[PDB]
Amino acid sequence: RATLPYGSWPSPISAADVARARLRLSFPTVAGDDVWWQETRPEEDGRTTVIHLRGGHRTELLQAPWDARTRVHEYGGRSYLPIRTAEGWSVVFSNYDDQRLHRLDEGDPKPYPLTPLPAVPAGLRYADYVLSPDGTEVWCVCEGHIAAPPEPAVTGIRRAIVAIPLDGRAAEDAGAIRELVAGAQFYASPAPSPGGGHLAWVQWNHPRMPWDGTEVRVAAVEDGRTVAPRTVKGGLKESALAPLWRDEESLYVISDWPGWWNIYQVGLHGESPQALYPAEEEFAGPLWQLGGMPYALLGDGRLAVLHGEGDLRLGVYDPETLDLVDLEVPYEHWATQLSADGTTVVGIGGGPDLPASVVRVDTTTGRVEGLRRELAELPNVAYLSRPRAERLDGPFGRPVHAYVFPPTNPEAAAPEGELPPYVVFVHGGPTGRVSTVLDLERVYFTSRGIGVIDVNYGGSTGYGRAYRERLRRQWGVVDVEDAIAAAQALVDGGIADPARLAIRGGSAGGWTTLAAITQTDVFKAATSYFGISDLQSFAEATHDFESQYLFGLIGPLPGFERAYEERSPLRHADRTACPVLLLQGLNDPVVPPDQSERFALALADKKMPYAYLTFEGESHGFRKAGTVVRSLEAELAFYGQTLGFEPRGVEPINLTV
């Protein structure tokens, strides 16, 4: 080996390597020997395309002009639906730029519209597509942006479950689109039943989020309309989602009635749900993106299921024997995006030393196949840091789960009496979690001598409903405390350099870093990727799906103004403890760039050292390889100058006053 001071290590993982590996493999589909999935191309302006795989030949359906990406809830999800047509496969998708739903026929390279042009630019949006029981229509969730009356301003949102005819009669007639279900503010997971005599969906309304409480409604279909609707499962304090028919007259749902997402079988009249296999393990996730299922039906009636406290692992339930048997597989964490036909299941799998990749399993033989991975340059296993799981002890004796990635490099070590700098990662979506799945973004630091700790703080999902509710009305308190607890535990344990600690985070993670900076002094450097700094202006400016989220994170708005004011870092810029690095996409519909720029102006006016980088043509979350390169090299160099080292291969940036 050699011996260099921590942080100065030389590493083969380059910022560009991390950028090129941000493929975003998502939403596989499987029909017979045909597989489909969704890939984002980071070196083509982050556009998303659909890929078809048969017999090892994998072909790209959407050439450069197109971009399969819906904007329902601004986060979208599955943007394509493969339709089986006489001698071939047609495919419908959502085109980013105009949000219209377009159709594409194998045998024709030019896709064509099926929905009208919106009144305002992307004011009609489609998602969670399903093929109607007789073909000849796509049933899907529709999101409508209402134009102010006579550059049309937008004054409201109208959502519905809607029927689009597959023959382009609606390309120039909105009167061809039919409202099947309407009346609630949020819809998801529309599910025609086997005979076609019923229709099921998930709906919820505004003060709530889909993980707070939902309703799975099923109604009969008569003369082509809905009749006799009914709730089969869920409520205000109960999140029930993913309707999956088992036969005519009976279906599967996932509900957290017992405090964990479990599987229930419910009928259409008798109010007596049967709990299949009740466990203290989550069987689903938070519904941030539409178009994904956590369970699938096999040709024989068994269920392919995802389950676990923490990482989701893949098993099979046998309703004939009531057993749940895990499939012997090298993948430790799966996304809630399964597809299945016959004995073949398909999904997105990964684990500690496996990056996310499209996987194909076979439930009779057990054969597992790896179809596509997020990165081909398979890095040397020596440079990959192995995640160590720890239960930090929180304030009232409450456990706080974390993952520790030590600085790992096989050709360097630190001098006699040095401790490594560490960065606390705050995972972004308040109601989400980080998994063990290999993330080159962490390796980029660990390989260079910088340790990482990724904290699934209170409010994180995946560890029970209670754990998730620990964050209610405590935002800017429970997350800050749990992050600080992680850093202080690493210091108390002789692991971390207490004078070189940083915090960084994404959307809510930027909120958490700014809250921590302005409430404590443990961290000596901070990076906020498009975080929130003032809560009221955020609630008033943000997009609809998250426009009353703060009512649960901080509190109901006609009433908690003083809390929105007191907790906002923007109001306390002078309490900022360390230099700050702000990163912002200029076309962000979730966190308007006002938050970052106003905070930056406040750190001036207080002669506090900051640096604020803006990127054009980038939305909420960085998609373009060049953007990731610029910001990641900036962040490494920034930690170098603020905390104390000279990182190979990047020169430091200007801090302002």
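So that there is no doubt, residue numbering starts at 1 and follows the sequence shown.
A chain break between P150 and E151 is present, corresponding to 10 or more residues of the deposited sequence without coordinates. Per the PDB record, of the two stretches 581 to 589 and 197 to 205, 581 to 589 carries the greater mean B-factor over its C-alpha atoms. With 166 to 174 and 96 to 104 compared on mean CA B-factor from the PDB entry, the stretch scoring higher is 166 to 174. Of all the options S460, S250, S507, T363, the entry's greatest CA B-factor is assigned to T363. Among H543, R78, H269, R472, the highest C-alpha B-factor in the deposited entry belongs to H269. In this PDB entry, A563 carries a Cα temperature factor that places it within the middle third of its chain's modelled residues. Annotation for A15: C-alpha temperature factor in the highest third relative to the rest of the modelled chain, per the entry. In the deposited entry, the Cα temperature factor of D67 places it in the lowest third of its chain's modelled residues. Sort the modelled residues of the chain by CA B factor and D605 lands in the highest third.
Ranked against the other modelled residues of its chain, the C-alpha B-factor of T614 as given in the entry falls in the middle third.
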